[PDB]
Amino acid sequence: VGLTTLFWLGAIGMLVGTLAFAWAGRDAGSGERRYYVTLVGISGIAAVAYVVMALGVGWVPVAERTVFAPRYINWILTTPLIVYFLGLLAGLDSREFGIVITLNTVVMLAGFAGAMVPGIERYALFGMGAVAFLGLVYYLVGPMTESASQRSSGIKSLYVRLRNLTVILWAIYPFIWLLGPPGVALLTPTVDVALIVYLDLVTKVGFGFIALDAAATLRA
């Protein structure tokens, strides 16, 4: 397979999620609709980003490697929606939501800026992203879990399951940054792209399917 084939696979998997989430969503109440819409934005945006890369756009040369701008741009746009979805489940306050979205955005911006820096100082930017990510994990497993524990059993149960998926899989991305083209380039561009397609698909579409499966059991 080539890079563009993998990008096409990403785009299609994301489209399948989006379609599934949109249609599952025709069945929802006032308080439920926001969850389905959020899943549609997450996978819909990622679907378009993958089309962009597949069409050969945003392949930025950085020294002797290629970093995919749409990769990082779509994370910047979609990860706050994932955190938003989780914060809705947890029953988060206005202020604490601002804190997690900020931390999230620092991670994504730092990783994007780092991928763009040819010199060794890109690792300092990575480092800042990594520290912010640890702060993010703390909120997810600490304060946000405390808030979620006050909700109904079905909601608490979905939060913990999506929280665990999120915490474990999001922790893998920085290692791929370090081992792939942005870091020491031990992963080929193709393997790097395949892993991120898979990871993007699970953290968005898998996440969504898990939510769809629980939501159906709760209301009915």
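One-based numbering along the sequence shown.
Comparing 112-120 with 71-79, the stretch with the higher mean C-alpha B-factor in the PDB entry is 112-120. Note on 191-199 vs 29-37: mean CA B-factor is higher in 29-37. Highest CA B-factor among 107, 92, 137, 101, as stated in the entry: 92. Placement of the Cα temperature factor of residue 19 within the chain: middle third of the modelled residues, per the deposited record. Ranked by C-alpha B-factor against the other modelled residues of its chain, residue 65 falls in the highest third. Per the PDB record, residue ranking by Cα B-factor puts residue 131 in the middle third of the chain. Residue 184: CA B factor in the highest third of modelled residues in this chain (values from the PDB entry). When the modelled residues of the chain are ordered by their C-alpha B factor, residue 125 lands in the highest third.
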